[PDB]
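Enquirer: Structure file query_19.cif (mmCIF, C-alpha atoms and all ligand atoms) right here:
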data_coords
loop_
_atom_site.group_PDB
_atom_site.id
_atom_site.type_symbol
_atom_site.label_atom_id
_atom_site.label_comp_id
_atom_site.auth_asym_id
_atom_site.auth_seq_id
_atom_site.Cartn_x
_atom_site.Cartn_y
_atom_site.Cartn_z
ATOM 1 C CA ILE S 1 -169.285 162.890 -178.062
ATOM 2 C CA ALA S 2 -166.684 161.763 -180.690
ATOM 3 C CA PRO S 3 -166.149 164.738 -183.085
ATOM 4 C CA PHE S 4 -166.398 162.624 -186.227
ATOM 5 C CA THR S 5 -167.423 159.313 -187.684
ATOM 6 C CA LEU S 6 -164.937 157.460 -189.933
ATOM 7 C CA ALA S 7 -166.340 154.680 -192.155
ATOM 8 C CA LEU S 8 -163.540 152.417 -193.372
ATOM 9 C CA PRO S 9 -163.827 149.769 -196.107
ATOM 10 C CA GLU S 10 -164.561 146.102 -195.183
ATOM 11 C CA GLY S 11 -162.782 144.742 -198.236
ATOM 12 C CA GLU S 12 -160.113 146.002 -200.665
ATOM 13 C CA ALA S 13 -159.213 149.626 -199.960
ATOM 14 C CA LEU S 14 -158.844 152.226 -202.834
ATOM 15 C CA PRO S 15 -157.467 155.783 -202.587
ATOM 16 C CA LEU S 16 -160.894 157.423 -202.593
ATOM 17 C CA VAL S 17 -161.211 159.546 -199.468
ATOM 18 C CA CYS S 18 -164.498 161.421 -198.931
ATOM 19 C CA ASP S 19 -165.431 163.963 -196.290
ATOM 20 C CA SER S 20 -168.808 165.439 -195.219
ATOM 21 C CA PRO S 21 -167.765 168.467 -193.055
ATOM 22 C CA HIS S 22 -171.219 169.997 -192.741
ATOM 23 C CA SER S 23 -173.534 167.132 -191.880
ATOM 24 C CA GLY S 24 -173.092 167.289 -188.113
ATOM 25 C CA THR S 25 -176.270 167.756 -186.050
ATOM 26 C CA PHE S 26 -174.991 167.301 -182.439
ATOM 27 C CA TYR S 27 -174.988 170.825 -180.929
ATOM 28 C CA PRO S 28 -172.478 171.416 -178.044
ATOM 29 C CA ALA S 29 -173.887 172.569 -174.687
ATOM 30 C CA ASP S 30 -171.381 175.466 -174.659
ATOM 31 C CA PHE S 31 -172.678 177.061 -177.881
ATOM 32 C CA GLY S 32 -174.039 180.052 -175.912
ATOM 33 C CA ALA S 33 -176.078 181.361 -178.860
ATOM 34 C CA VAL S 34 -179.075 183.712 -178.470
ATOM 35 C CA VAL S 35 -180.803 182.220 -181.566
ATOM 36 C CA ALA S 36 -183.057 179.122 -181.452
ATOM 37 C CA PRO S 37 -181.317 175.950 -182.678
ATOM 38 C CA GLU S 38 -184.169 175.611 -185.206
ATOM 39 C CA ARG S 39 -182.700 178.745 -186.850
ATOM 40 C CA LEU S 40 -179.147 177.294 -186.887
ATOM 41 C CA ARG S 41 -180.128 173.974 -188.476
ATOM 42 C CA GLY S 42 -180.254 176.212 -191.615
ATOM 43 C CA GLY S 43 -176.468 175.920 -192.394
ATOM 44 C CA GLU S 44 -176.462 172.151 -191.970
ATOM 45 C CA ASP S 45 -175.751 170.014 -194.979
ATOM 46 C CA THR S 46 -178.110 167.473 -193.338
ATOM 47 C CA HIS S 47 -177.942 163.745 -194.238
ATOM 48 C CA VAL S 48 -175.077 164.258 -196.786
ATOM 49 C CA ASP S 49 -173.078 161.605 -195.067
ATOM 50 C CA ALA S 50 -175.977 159.049 -195.353
ATOM 51 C CA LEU S 51 -176.464 160.025 -199.057
ATOM 52 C CA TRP S 52 -172.916 158.859 -199.683
ATOM 53 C CA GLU S 53 -173.030 155.721 -197.497
ATOM 54 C CA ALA S 54 -171.707 153.560 -200.485
ATOM 55 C CA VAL S 55 -168.242 155.039 -200.270
ATOM 56 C CA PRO S 56 -166.760 152.470 -197.738
ATOM 57 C CA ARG S 57 -168.810 149.728 -199.488
ATOM 58 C CA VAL S 58 -166.767 150.235 -202.631
ATOM 59 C CA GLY S 59 -163.328 150.573 -200.943
ATOM 60 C CA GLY S 60 -163.324 154.293 -200.037
ATOM 61 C CA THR S 61 -163.098 156.132 -196.756
ATOM 62 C CA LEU S 62 -165.874 158.365 -195.544
ATOM 63 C CA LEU S 63 -165.215 160.940 -192.874
ATOM 64 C CA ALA S 64 -168.077 162.975 -191.373
ATOM 65 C CA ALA S 65 -168.356 165.728 -188.702
ATOM 66 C CA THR S 66 -170.742 165.159 -185.764
ATOM 67 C CA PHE S 67 -170.550 168.782 -184.585
ATOM 68 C CA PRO S 68 -172.409 171.502 -186.446
ATOM 69 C CA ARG S 69 -170.606 173.617 -189.015
ATOM 70 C CA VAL S 70 -172.338 176.707 -187.534
ATOM 71 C CA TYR S 71 -170.373 175.912 -184.336
ATOM 72 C CA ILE S 72 -167.113 175.500 -186.142
ATOM 73 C CA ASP S 73 -166.733 174.924 -189.857
ATOM 74 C CA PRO S 74 -164.066 172.371 -190.796
ATOM 75 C CA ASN S 75 -164.089 173.524 -194.459
ATOM 76 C CA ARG S 76 -162.616 176.853 -193.513
ATOM 77 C CA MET S 77 -159.032 177.635 -192.738
ATOM 78 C CA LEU S 78 -157.979 178.321 -189.211
ATOM 79 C CA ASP S 79 -157.147 181.942 -190.025
ATOM 80 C CA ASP S 80 -160.607 182.576 -191.581
ATOM 81 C CA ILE S 81 -161.845 184.587 -188.613
ATOM 82 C CA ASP S 82 -162.798 188.261 -188.531
ATOM 83 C CA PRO S 83 -160.988 190.005 -185.604
ATOM 84 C CA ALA S 84 -164.171 191.900 -184.791
ATOM 85 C CA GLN S 85 -166.023 188.731 -183.826
ATOM 86 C CA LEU S 86 -163.547 188.076 -180.965
ATOM 87 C CA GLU S 87 -163.288 189.615 -177.505
ATOM 88 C CA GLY S 88 -159.562 190.281 -177.486
ATOM 89 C CA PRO S 89 -156.800 189.951 -180.095
ATOM 90 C CA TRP S 90 -155.940 186.682 -181.882
ATOM 91 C CA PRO S 91 -152.341 185.532 -181.292
ATOM 92 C CA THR S 92 -151.525 185.170 -185.022
ATOM 93 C CA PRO S 93 -152.468 186.883 -188.306
ATOM 94 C CA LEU S 94 -156.059 186.484 -189.489
ATOM 95 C CA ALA S 95 -157.033 186.418 -193.175
ATOM 96 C CA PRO S 96 -160.837 186.438 -193.356
ATOM 97 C CA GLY S 97 -162.608 185.879 -196.744
ATOM 98 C CA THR S 98 -166.664 185.621 -192.980
ATOM 99 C CA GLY S 99 -166.597 181.889 -191.816
ATOM 100 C CA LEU S 100 -164.751 179.393 -189.587
ATOM 101 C CA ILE S 101 -166.927 180.596 -186.722
ATOM 102 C CA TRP S 102 -170.415 181.701 -187.817
ATOM 103 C CA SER S 103 -171.466 185.105 -186.420
ATOM 104 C CA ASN S 104 -174.973 185.221 -187.803
ATOM 105 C CA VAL S 105 -177.724 183.357 -189.667
ATOM 106 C CA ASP S 106 -179.000 186.520 -191.432
ATOM 107 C CA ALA S 107 -177.795 190.101 -191.956
ATOM 108 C CA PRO S 108 -177.080 187.263 -185.536
ATOM 109 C CA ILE S 109 -176.073 184.091 -183.604
ATOM 110 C CA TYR S 110 -174.731 185.660 -180.301
ATOM 111 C CA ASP S 111 -175.421 188.720 -178.061
ATOM 112 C CA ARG S 112 -171.711 189.100 -177.401
ATOM 113 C CA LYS S 113 -168.214 188.642 -178.829
ATOM 114 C CA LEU S 114 -166.614 185.213 -178.456
ATOM 115 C CA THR S 115 -163.485 185.002 -176.374
ATOM 116 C CA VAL S 116 -160.154 184.020 -177.942
ATOM 117 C CA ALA S 117 -160.053 181.079 -175.467
ATOM 118 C CA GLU S 118 -163.510 179.876 -176.466
ATOM 119 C CA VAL S 119 -162.712 179.770 -180.146
ATOM 120 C CA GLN S 120 -159.366 178.126 -179.452
ATOM 121 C CA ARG S 121 -161.207 175.342 -177.564
ATOM 122 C CA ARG S 122 -163.611 174.787 -180.453
ATOM 123 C CA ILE S 123 -160.596 174.473 -182.709
ATOM 124 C CA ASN S 124 -158.803 171.956 -180.435
ATOM 125 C CA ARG S 125 -161.767 169.754 -179.552
ATOM 126 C CA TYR S 126 -163.621 169.609 -182.880
ATOM 127 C CA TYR S 127 -161.668 171.003 -185.848
ATOM 128 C CA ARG S 128 -158.195 169.594 -185.224
ATOM 129 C CA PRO S 129 -159.378 165.981 -184.707
ATOM 130 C CA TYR S 130 -161.576 166.181 -187.763
ATOM 131 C CA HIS S 131 -158.725 167.559 -189.858
ATOM 132 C CA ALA S 132 -156.114 165.139 -188.449
ATOM 133 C CA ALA S 133 -158.484 162.257 -189.511
ATOM 134 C CA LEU S 134 -158.801 163.761 -193.047
ATOM 135 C CA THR S 135 -154.998 164.207 -193.318
ATOM 136 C CA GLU S 136 -154.379 160.674 -192.097
ATOM 137 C CA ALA S 137 -156.808 159.293 -194.695
ATOM 138 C CA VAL S 138 -155.526 161.388 -197.574
ATOM 139 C CA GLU S 139 -151.800 160.858 -196.821
ATOM 140 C CA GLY S 140 -152.294 157.196 -195.982
ATOM 141 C CA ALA S 141 -154.035 156.645 -199.317
ATOM 142 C CA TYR S 142 -151.374 158.505 -201.212
ATOM 143 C CA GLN S 143 -148.537 156.732 -199.383
ATOM 144 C CA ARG S 144 -149.928 153.266 -200.255
ATOM 145 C CA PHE S 145 -151.242 153.970 -203.754
ATOM 146 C CA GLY S 146 -149.174 156.871 -205.133
ATOM 147 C CA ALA S 147 -152.335 158.773 -205.977
ATOM 148 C CA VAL S 148 -155.425 159.990 -204.165
ATOM 149 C CA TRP S 149 -158.886 161.232 -205.132
ATOM 150 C CA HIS S 150 -160.584 163.337 -202.483
ATOM 151 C CA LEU S 151 -164.366 164.218 -202.624
ATOM 152 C CA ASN S 152 -165.538 167.097 -200.409
ATOM 153 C CA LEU S 153 -169.279 166.554 -200.011
ATOM 154 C CA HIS S 154 -172.052 169.139 -199.534
ATOM 155 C CA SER S 155 -175.596 170.155 -200.052
ATOM 156 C CA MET S 156 -176.901 173.590 -200.823
ATOM 157 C CA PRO S 157 -180.202 175.480 -200.485
ATOM 158 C CA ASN S 158 -182.349 176.296 -203.444
ATOM 159 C CA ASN S 159 -181.582 179.972 -202.981
ATOM 160 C CA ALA S 160 -177.786 179.524 -202.837
ATOM 161 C CA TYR S 161 -177.424 182.323 -205.468
ATOM 162 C CA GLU S 162 -179.474 184.794 -203.355
ATOM 163 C CA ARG S 163 -177.552 183.910 -200.180
ATOM 164 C CA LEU S 164 -174.242 184.368 -201.968
ATOM 165 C CA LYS S 165 -174.364 187.802 -203.552
ATOM 166 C CA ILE S 166 -174.981 186.470 -207.115
ATOM 167 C CA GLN S 167 -177.624 187.190 -209.796
ATOM 168 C CA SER S 168 -177.491 184.238 -212.156
ATOM 169 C CA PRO S 169 -179.169 184.211 -215.589
ATOM 170 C CA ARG S 170 -179.168 180.405 -215.070
ATOM 171 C CA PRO S 171 -180.959 178.251 -212.515
ATOM 172 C CA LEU S 172 -178.934 176.551 -209.820
ATOM 173 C CA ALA S 173 -177.950 173.023 -210.921
ATOM 174 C CA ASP S 174 -178.842 169.875 -209.069
ATOM 175 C CA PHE S 175 -175.072 169.154 -208.642
ATOM 176 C CA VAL S 176 -172.309 171.736 -208.576
ATOM 177 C CA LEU S 177 -168.742 170.462 -209.009
ATOM 178 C CA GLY S 178 -165.972 172.766 -207.749
ATOM 179 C CA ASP S 179 -162.372 172.163 -208.757
ATOM 180 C CA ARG S 180 -161.112 175.818 -208.698
ATOM 181 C CA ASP S 181 -161.783 176.244 -212.432
ATOM 182 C CA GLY S 182 -160.254 172.969 -213.503
ATOM 183 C CA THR S 183 -157.066 172.961 -211.356
ATOM 184 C CA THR S 184 -157.554 170.613 -208.359
ATOM 185 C CA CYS S 185 -158.813 167.443 -210.015
ATOM 186 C CA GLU S 186 -157.581 165.616 -213.071
ATOM 187 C CA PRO S 187 -160.207 166.187 -215.738
ATOM 188 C CA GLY S 188 -161.235 162.576 -216.452
ATOM 189 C CA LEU S 189 -162.889 162.238 -213.032
ATOM 190 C CA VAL S 190 -164.827 165.514 -213.284
ATOM 191 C CA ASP S 191 -165.926 164.355 -216.809
ATOM 192 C CA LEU S 192 -166.980 160.963 -215.357
ATOM 193 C CA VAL S 193 -169.040 162.435 -212.514
ATOM 194 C CA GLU S 194 -170.709 165.044 -214.732
ATOM 195 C CA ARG S 195 -171.615 162.503 -217.465
ATOM 196 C CA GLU S 196 -172.905 159.826 -215.053
ATOM 197 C CA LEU S 197 -175.137 162.372 -213.227
ATOM 198 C CA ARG S 198 -176.515 163.937 -216.439
ATOM 199 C CA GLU S 199 -177.266 160.435 -217.736
ATOM 200 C CA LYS S 200 -179.452 159.823 -214.621
ATOM 201 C CA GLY S 201 -181.349 163.037 -215.317
ATOM 202 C CA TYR S 202 -179.634 165.528 -212.986
ATOM 203 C CA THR S 203 -178.379 168.947 -214.074
ATOM 204 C CA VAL S 204 -174.679 169.539 -213.380
ATOM 205 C CA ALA S 205 -172.769 172.886 -213.350
ATOM 206 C CA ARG S 206 -169.004 173.269 -212.854
ATOM 207 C CA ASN S 207 -167.650 176.112 -210.702
ATOM 208 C CA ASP S 208 -171.002 177.907 -210.534
ATOM 209 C CA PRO S 209 -171.541 179.278 -207.885
ATOM 210 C CA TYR S 210 -169.146 177.010 -205.897
ATOM 211 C CA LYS S 211 -165.552 176.694 -207.108
ATOM 212 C CA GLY S 212 -164.185 174.832 -204.030
ATOM 213 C CA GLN S 213 -159.433 176.489 -200.206
ATOM 214 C CA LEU S 214 -159.055 173.081 -198.662
ATOM 215 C CA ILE S 215 -159.651 171.842 -202.267
ATOM 216 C CA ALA S 216 -156.710 173.873 -203.655
ATOM 217 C CA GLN S 217 -154.488 172.485 -200.865
ATOM 218 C CA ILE S 218 -155.416 168.838 -201.283
ATOM 219 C CA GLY S 219 -155.887 168.847 -205.084
ATOM 220 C CA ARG S 220 -152.613 169.121 -206.933
ATOM 221 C CA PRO S 221 -153.115 166.809 -209.897
ATOM 222 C CA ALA S 222 -149.506 167.119 -211.148
ATOM 223 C CA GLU S 223 -148.542 165.238 -207.953
ATOM 224 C CA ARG S 224 -151.406 162.811 -208.488
ATOM 225 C CA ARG S 225 -153.402 164.287 -205.620
ATOM 226 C CA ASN S 226 -156.932 165.259 -206.684
ATOM 227 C CA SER S 227 -159.737 167.098 -204.947
ATOM 228 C CA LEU S 228 -163.307 167.794 -206.086
ATOM 229 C CA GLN S 229 -166.033 169.634 -204.104
ATOM 230 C CA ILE S 230 -169.530 168.211 -204.846
ATOM 231 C CA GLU S 231 -172.701 170.141 -203.946
ATOM 232 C CA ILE S 232 -176.233 168.697 -204.032
ATOM 233 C CA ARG S 233 -179.366 170.887 -204.307
ATOM 234 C CA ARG S 234 -181.177 170.085 -201.022
ATOM 235 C CA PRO S 235 -184.782 169.791 -202.356
ATOM 236 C CA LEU S 236 -183.568 166.673 -204.141
ATOM 237 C CA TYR S 237 -183.516 164.753 -200.846
ATOM 238 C CA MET S 238 -184.944 166.736 -197.902
ATOM 239 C CA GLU S 239 -187.520 169.287 -196.878
ATOM 240 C CA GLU S 240 -185.581 172.471 -196.200
ATOM 241 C CA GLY S 241 -187.925 173.628 -193.426
ATOM 242 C CA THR S 242 -188.165 170.452 -191.291
ATOM 243 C CA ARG S 243 -184.722 169.157 -192.553
ATOM 244 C CA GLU S 244 -186.422 165.783 -193.057
ATOM 245 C CA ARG S 245 -185.657 163.227 -195.731
ATOM 246 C CA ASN S 246 -188.179 163.428 -198.567
ATOM 247 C CA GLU S 247 -189.273 161.010 -201.294
ATOM 248 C CA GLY S 248 -186.182 161.902 -203.377
ATOM 249 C CA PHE S 249 -183.796 160.762 -200.620
ATOM 250 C CA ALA S 250 -183.971 157.028 -201.514
ATOM 251 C CA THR S 251 -183.632 157.517 -205.273
ATOM 252 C CA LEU S 252 -180.777 160.004 -204.850
ATOM 253 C CA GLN S 253 -178.886 157.731 -202.440
ATOM 254 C CA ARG S 254 -179.351 154.873 -204.946
ATOM 255 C CA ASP S 255 -178.044 157.049 -207.798
ATOM 256 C CA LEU S 256 -175.032 158.070 -205.679
ATOM 257 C CA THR S 257 -174.297 154.438 -204.783
ATOM 258 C CA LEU S 258 -174.194 153.592 -208.480
ATOM 259 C CA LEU S 259 -172.113 156.740 -209.187
ATOM 260 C CA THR S 260 -169.699 155.752 -206.348
ATOM 261 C CA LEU S 261 -169.212 152.266 -207.733
ATOM 262 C CA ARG S 262 -168.298 153.853 -211.045
ATOM 263 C CA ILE S 263 -165.827 156.242 -209.376
ATOM 264 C CA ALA S 264 -164.221 153.289 -207.480
ATOM 265 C CA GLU S 265 -163.629 151.584 -210.830
ATOM 266 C CA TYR S 266 -162.132 154.770 -212.289
ATOM 267 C CA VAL S 267 -159.822 155.156 -209.249
ATOM 268 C CA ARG S 268 -158.608 151.509 -209.395
ATOM 269 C CA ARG S 269 -157.805 151.949 -213.057
ATOM 270 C CA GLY S 270 -155.898 155.178 -212.351
ATOM 271 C CA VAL S 271 -153.499 153.767 -209.730
HETATM 272 ZN ZN ZN J 1 -171.449 172.392 -197.157
#
Output the structure of this file as structure tokens.
Expert:
Amino acid sequence: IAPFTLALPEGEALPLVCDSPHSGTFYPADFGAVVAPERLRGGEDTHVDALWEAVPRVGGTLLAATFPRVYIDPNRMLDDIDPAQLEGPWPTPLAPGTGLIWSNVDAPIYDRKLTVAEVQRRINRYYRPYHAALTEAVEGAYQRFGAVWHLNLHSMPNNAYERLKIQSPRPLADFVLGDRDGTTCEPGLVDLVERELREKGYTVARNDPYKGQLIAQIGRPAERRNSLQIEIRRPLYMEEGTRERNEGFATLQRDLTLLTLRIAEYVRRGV
């Protein structure tokens, strides 16, 4: 019933703070959707938190959502709501891009408009705790170390280009690294992650199709605060229909453990 898990290091801590906002699979009773949960499981970045289990084993902190992102999405801003999805007016200005509250799975989730009150309660019970935990980890790290490296962790469907409105002359990479075109993370870490993953045989794209807003807010490298969004092509570890770990899960998790150890070393040397 806890809105997040928070895996802390057993030994020496380092300022590597990692969050998996989309891996939650515990659906609230008060969802009130008209669509079968089997249809909603779509937008889950399933198992992404288990893929990165090494993080606390190497001194990092791993935060993960237990609620589904299709219920409320912690990687969106609180004003990323379309007025037309609400029954009634929102008390403050909205700036949709939408979203924070999913409205459909395909071009519908509900047979009605959500109340202001209902969305507010989602925000209080699930989003705010999750984000307070992320803040506490990021600011705690920075306060002790004078730097922080934040990884925002995801997976993506094979047709991510189709689902976004993009026609790419290139295939979708195995890993996409978003740092808002080179502005939210100091370059040496993006270079490290890219090189280590390509050496293990994975394809890596930067900022294509995912460039990273939370990431712009956390990642200000001139203040020694760094943020990188990392996206994993789902077929690499699960079966997109059943959502179930496949034969690639084990090997990918192993590769990410080894990558994480390398990042921990890079972080310790950067403090
Ligand atoms: Zn995601």
Enquirer: Provide the atom CA of residue 108 of chain S to atom CA of residue 215 of chain S distance in Å, to one decimal place.
Expert: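 We find that atom CA of residue 108 of chain S and atom CA of residue 215 of chain S lie 28.7 Å from each other.
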Enquirer: Nearest to residue 190 of chain S among S:249, S:71, S:102, S:266, with distances taken over only C-alpha atoms: which residue is it?
Expert: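 Using only C-alpha atoms, the shortest distance to residue 190 of chain S belongs to S:266.
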Enquirer: What is the atom CA of residue 88 of chain S-atom CA of residue 115 of chain S distance in Å, reported with one decimal?
Expert: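 Taking atom CA of residue 88 of chain S and atom CA of residue 115 of chain S, their separation equals 6.7 Å.
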Enquirer: Within 7 Å of ligand ZN 1 (chain J), counting all atoms listed in the file, which protein or nucleic acid residues do you find, written as a ChimeraX atom specification?
Expert: /S:21-22,45,153-156
Enquirer: Could you jot down the atom CA of residue 265 of chain S to atom CA of residue 139 of chain S separation for me, Å, one decimal place?
Expert: 20.5 Å
Enquirer: I need the output of the PyMOL selection byres (((chain S and resi 118) around 12) and not hetatm) for this file as a ChimeraX atom specification; which residues are they?
Expert: /S:30-32,71-72,85-88,90,101,113-117,119-125
Enquirer: When you count all atoms listed in the file, which of these residues is closest to residue 227 of chain S: S:161, S:110, S:149, S:202?
Expert: S:149
Enquirer: Apply the PyMOL selection byres (((chain S and resi 130) around 9) and not hetatm) to the file shown and report the selected residues as a list in words.
Expert: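 Here the PyMOL selection byres (((chain S and resi 130) around 9) and not hetatm) matches residues 3, 4, 21, 63, 64, 65, 74, 125, 126, 127, 128, 129, 131, 132, 133, 134 and 135 of chain S.
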Enquirer: Please, what is the axis-aligned box for every listed atom of segment 58-70 of chain S with 8 Å on each side, as centre and edge lengths in Å to one decimal, as lines of an AutoDock Vina configuration file?
Expert:
center_x = -167.8
center_y = 163.5
center_z = -193.6
size_x = 25.3
size_y = 42.5
size_z = 34.0
Enquirer: I'd like the residues picked by the PyMOL selection byres (((chain S and resi 52) around 9) and not hetatm) written out as a PyMOL selection string, using the chain letters and numbers from the file.
Expert: chain S and resi 18+20+47-51+53-55+62+153+253+256-257+260
Enquirer: Given only C-alpha atoms as the basis, pick out the residue of S:60, S:140, S:42, S:187 nearest to residue 222 of chain S.
Expert: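 Smallest separation from residue 222 of chain S among the options: S:187.
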Enquirer: Around (-183.9, 160.7, -205.6) in the file's frame, which residues reach within 12 Å when counting only C-alpha atoms? Return as a list in words?
Expert: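 Taken together, the residues in range are residues 51, 174, 197, 200, 201, 202, 232, 233, 234, 235, 236, 237, 238, 245, 246, 247, 248, 249, 250, 251, 252, 253, 254, 255, 256 and 257 of chain S.
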Enquirer: With distances taken over only C-alpha atoms, which residue among S:73, S:142, S:105, S:150 lies nearest residue 38 of chain S?
Expert: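 For residue 38 of chain S, the nearest of the given residues is S:105.
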Enquirer: Any idea what's packed within 10 Å of residue 217 of chain S, counting all atoms listed in the file, ignoring anything in its chain fewer than 4 positions away? Could you give it as a compact mmCIF listing (two decimals) with C-alpha atoms, in the coordinates of the input?
Expert:
# COMPACT_ATOMS: atom_id res chain seq x y z
CA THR S 184 -157.55 170.61 -208.36
CA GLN S 213 -159.43 176.49 -200.21
CA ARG S 225 -153.40 164.29 -205.62
CA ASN S 226 -156.93 165.26 -206.68
CA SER S 227 -159.74 167.10 -204.95
Enquirer: Using only C-alpha atoms - which residues lie no farther than 9 Å from the point (-166.2, 179.3, -210.3) in the file's frame? Write them as a JSON list (two decimals) with C-alpha atoms, keeping the file's coordinate frame.
Expert:
[["chain", "number", "residue", "atom", "x", "y", "z"],
["S", 178, "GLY", "CA", -165.97, 172.77, -207.75],
["S", 179, "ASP", "CA", -162.37, 172.16, -208.76],
["S", 180, "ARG", "CA", -161.11, 175.82, -208.70],
["S", 181, "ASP", "CA", -161.78, 176.24, -212.43],
["S", 206, "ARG", "CA", -169.00, 173.27, -212.85],
["S", 207, "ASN", "CA", -167.65, 176.11, -210.70],
["S", 208, "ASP", "CA", -171.00, 177.91, -210.53],
["S", 209, "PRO", "CA", -171.54, 179.28, -207.88],
["S", 210, "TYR", "CA", -169.15, 177.01, -205.90],
["S", 211, "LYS", "CA", -165.55, 176.69, -207.11],
["S", 212, "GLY", "CA", -164.18, 174.83, -204.03]]
Enquirer: Of the candidates S:9, S:83, S:157, S:68, which one gets nearest to residue 98 of chain S if we count all atoms listed in the file?
Expert: S:83
Enquirer: Closest to residue 228 of chain S among S:111, S:199, S:191, S:10, using all atoms listed in the file?
Expert: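 Among the listed residues, S:191 lies closest to residue 228 of chain S.
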Enquirer: Reconstruct N, CA and C atoms of segment 13-27 of chain S; output as a short mmCIF file (atom, residue, chain, number, x, y, z; two decimals), in the coordinates of the input.
Expert:
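And here's result_7.cif as it stands now:
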data_model
loop_
_atom_site.label_atom_id
_atom_site.label_comp_id
_atom_site.auth_asym_id
_atom_site.auth_seq_id
_atom_site.Cartn_x
_atom_site.Cartn_y
_atom_site.Cartn_z
N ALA S 13 -159.23 148.16 -199.99
CA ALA S 13 -159.21 149.63 -199.96
C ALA S 13 -158.79 150.21 -201.33
N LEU S 14 -159.28 151.42 -201.65
CA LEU S 14 -158.84 152.23 -202.83
C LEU S 14 -158.56 153.62 -202.35
N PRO S 15 -157.73 154.41 -203.07
CA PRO S 15 -157.47 155.78 -202.59
C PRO S 15 -158.56 156.80 -202.98
N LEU S 16 -159.75 156.55 -202.49
CA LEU S 16 -160.89 157.42 -202.59
C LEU S 16 -161.22 157.80 -201.17
N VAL S 17 -160.98 159.06 -200.84
CA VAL S 17 -161.21 159.55 -199.47
C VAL S 17 -162.27 160.64 -199.59
N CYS S 18 -163.35 160.53 -198.80
CA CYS S 18 -164.50 161.42 -198.93
C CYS S 18 -164.81 162.06 -197.59
N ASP S 19 -164.98 163.39 -197.53
CA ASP S 19 -165.43 163.96 -196.29
C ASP S 19 -166.73 164.79 -196.41
N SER S 20 -167.56 164.69 -195.37
CA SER S 20 -168.81 165.44 -195.22
C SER S 20 -168.57 166.34 -193.97
N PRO S 21 -168.07 167.56 -194.20
CA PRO S 21 -167.76 168.47 -193.06
C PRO S 21 -168.97 169.16 -192.39
N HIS S 22 -170.10 169.17 -193.08
CA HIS S 22 -171.22 170.00 -192.74
C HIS S 22 -172.46 169.30 -192.28
N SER S 23 -172.39 167.96 -192.18
CA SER S 23 -173.53 167.13 -191.88
C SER S 23 -173.78 166.90 -190.39
N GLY S 24 -172.94 167.46 -189.53
CA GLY S 24 -173.09 167.29 -188.11
C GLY S 24 -174.29 167.99 -187.53
N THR S 25 -175.03 167.27 -186.67
CA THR S 25 -176.27 167.76 -186.05
C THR S 25 -176.27 167.67 -184.51
N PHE S 26 -175.12 167.36 -183.91
CA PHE S 26 -174.99 167.30 -182.44
C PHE S 26 -174.43 168.63 -181.93
N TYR S 27 -175.32 169.47 -181.39
CA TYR S 27 -174.99 170.82 -180.93
C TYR S 27 -174.37 170.80 -179.50
#
